[PDB]
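Structure record follows, encoded as structure tokens.
Protein chains: 2
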Amino acid sequence: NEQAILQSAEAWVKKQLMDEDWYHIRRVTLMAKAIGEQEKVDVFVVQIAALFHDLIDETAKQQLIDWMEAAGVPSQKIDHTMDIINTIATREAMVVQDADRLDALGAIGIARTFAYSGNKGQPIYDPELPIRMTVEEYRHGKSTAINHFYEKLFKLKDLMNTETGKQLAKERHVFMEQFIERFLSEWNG
Amino acid sequence: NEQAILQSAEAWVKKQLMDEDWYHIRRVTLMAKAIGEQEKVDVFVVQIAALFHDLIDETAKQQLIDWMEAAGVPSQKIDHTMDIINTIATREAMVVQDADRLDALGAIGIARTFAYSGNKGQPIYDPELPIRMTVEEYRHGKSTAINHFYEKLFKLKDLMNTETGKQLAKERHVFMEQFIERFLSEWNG
């Protein structure tokens, strides 16, 4: 069995979380999957990994290592699942790596950026502000939503791994370039 | 003269504001302009109006009515400028109306929405929360950024006036539909 073990976890990771978020875990998982079988890797471990990748921040890890053994997950697999969990080594690890970071780009990425900006209480954009770094990053460095696009986001497609990863990261990067340009043209005249 | 009268104001409205915002006044004015001469209306009044439309929230109004008379603005014009200012009647008024509301849509509109959402401390989007009203609006009604698109923004193209207004409002509305769809498809896979 491999399909049911998932369905079970897909529920636990959903319940424990609905008492506070989970959507990120869902979409990151779905991608890890698609990206997973595109790379003909163990679509199982990558999926299980994806599910627990977040819920961690010892006993926490064990909590799963146990639940898992009670699912019949073979020692090699189970010892391979959270193996990628912490260190985020192996191809399946790479798929989960991309799926997670591939979620920082795209329409959702655009929204989540401007969202955090509003929460941080900073300006959505500033033409007078220079386009940059380490300590002064968030410790004081007053930045802008738009700048964060050129500072952290727009430099992810490279940090990718899976070939299909660069693929998606690409279709994502363009949409942002598409948006940030329509934004500036609208900002100017 | 008339052209210079603007250049003078475009500075005052800029200085008094740089002691707190102004960009909104700038872009809303630029549009009112383009939209203004497209409708072959008094591109002057519409521009002066646009500039002071915001700075108001008595003596406040007079402050301008005076500065204006000292610019040689003919009684009819000057009495027509802020005439649209308060009530926001006449075509030139309509142009300024659109230009201001035309700024709630577009890339900037998308950003400003998700921005305010982050500031309000609400979710960018909640699939459990159904879209939508009057009193419970902001007095308690917990909404979402995305929902605000279907609740207030997406119903502006109609509230437009200038023919060119609907034009721009249209090109804007599509981009948002373009984004909110890329956002939802990304929401899953």
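So the protein sequences, as listed, match chains H and C. One gets my numbering by counting positions in the first sequence from 1 and adding 27 to each. One gets my numbering by counting positions in the second sequence from 1 and adding 27 to each. Beta carbons: idealized from backbone N, C-alpha and C, even for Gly.
Given that a residue counts as buried once 16 or more other Cβ atoms are within 10 Å of its Cβ, and exposed if not, what is residue 154 (chain H)? exposed
Cut-off 8 Å between Cβ atoms - residues of its own chain near residue 207 (chain C), not counting five sequence neighbours on either side: 173 and 176
Chain-order list of residues whose beta-carbon lies under 7 Å from that of residue 132 (chain H) (same chain, five-residue window excluded): 180, 183, 196, 199, 200 and 203
Extract the residue ranges of the alpha helix (DSSP H) inside the region 54-85 of chain C, only unbroken runs of 4 or more that lie entirely within it. 70-80
Does any residue of chain C bring its CB to less than 8 Å from the CB of residue 49 (chain H)? no
Take the Cβ of residue 124 (chain C) as the centre, count every other Cβ of all protein chains shown within 10 Å, and call the residue buried at 16 or more, exposed below. buried
Exposure of residue 162 (chain H), with buried meaning 16 or more beta-carbon neighbours within 10 Å: exposed
Taking 8 Å as the CB-CB limit, is residue 165 (chain C) close to chain H? no
Proximal residues to residue 69 (chain C) (C-beta, below 6 Å), its chain only, five neighbours per side dropped: 119
Outcome for residue 93 (chain C) when other beta-carbon atoms lying within 10 angstroms are tallied against a minimum of 16: exposed
Would you kindly check if the distance between the Cβ of residue 77 (chain C) and the Cβ of residue 59 (chain C) is under 8 Å? yes
Step through the CB atoms of chain C and report whether any lies within less than 8 Å of the CB of residue 139 (chain H). yes
May I have the straight-line CA-CA distance separating residue 159 (chain H) from residue 178 (chain H), to the nearest angstrom? 7 Å
For residue 152 (chain H) and residue 211 (chain H), I'd like the C-alpha separation in whole angstroms. 10 Å
For chain D, is any of its Cβ atoms less than 8 Å away from the one on residue 102 (chain C)? Among the chains of the structure shown, chain D does not appear; the protein chains present are H and C.
Listed by chain order, chain C residues near residue 146 (chain H) by CB distance under 8 Å: 145, 146 and 148
Any C-beta of chain H under 8 Å from that of residue 215 (chain C): yes
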